[PDB]
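Visitor: Below is the structure I would like to discuss, written out as structure tokens.
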Amino acid sequence: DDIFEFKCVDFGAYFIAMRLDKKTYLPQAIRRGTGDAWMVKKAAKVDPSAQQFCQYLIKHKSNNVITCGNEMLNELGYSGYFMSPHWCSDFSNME
Numbered sequence: 095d096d097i098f099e100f101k102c103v104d105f106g107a108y109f110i111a112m113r114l115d116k117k118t119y120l121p122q123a124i125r126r127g128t129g130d131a132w133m134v135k136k137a138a139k140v141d142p143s144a145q146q147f148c149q150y151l152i153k154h155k156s157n158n159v160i161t162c163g164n165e166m167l168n169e170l171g172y173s174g175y176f177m178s179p180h181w182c183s184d185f186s187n188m189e
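For what it's worth, UniProt numbering labels the leading residue of the sequence shown as 95, then goes sequentially.
In structure tokens:
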């Protein structure tokens, strides 16, 4: 419910566990290792198994996260903005 706490957001083809950073209000996602957001792919338009794994990620892997903007730029080489279909491009860049 809290937008500053992770929730499994349905992006259509996949779930991402995301929230807003308390300090910057920038979108943040549970990160897949050293890469980008951990996308949990959905086998159908309704997929409770994909949702369950995403909830498991919130339970156990919420301490490795990636944030849109300057952090993603430094970490991955791109901001996430102005590059749909990247998940960051569905949100505000808070400029």
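The beta-carbon is built from N, C-alpha and C at its ideal position, and this holds for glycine as well.
1. Between the Cα of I124 and the Cα atoms of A138, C162, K117 and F185, which residue gives the shortest distance?
2. For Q149 and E99, I'd like the C-alpha separation in whole angstroms.
3. Below 7 Å CB to CB, which residues in the same chain sit around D115 once its five sequence neighbours on both sides are set aside?
4. At what residues does the alpha helix (DSSP H) containing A123 begin and finish?
5. In or out: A107 buried (at least 16 other Cβ within 10 Å) or exposed?
Guide: With the given structure in hand:
1. Answer by Cα proximity: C162.
2. Approximately 12 Å between the Cα atoms of the pair.
3. Cβ neighbours of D115 beyond the five flanking positions: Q122 and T161.
4. It is not in any alpha helix (DSSP H) - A123 instead sits in the beta strand (DSSP E) that spans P121 to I124.
5. Taking all protein chains shown into account, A107 has fewer than 16 neighbouring C-beta atoms within 10 Å of its C-beta and is therefore exposed.
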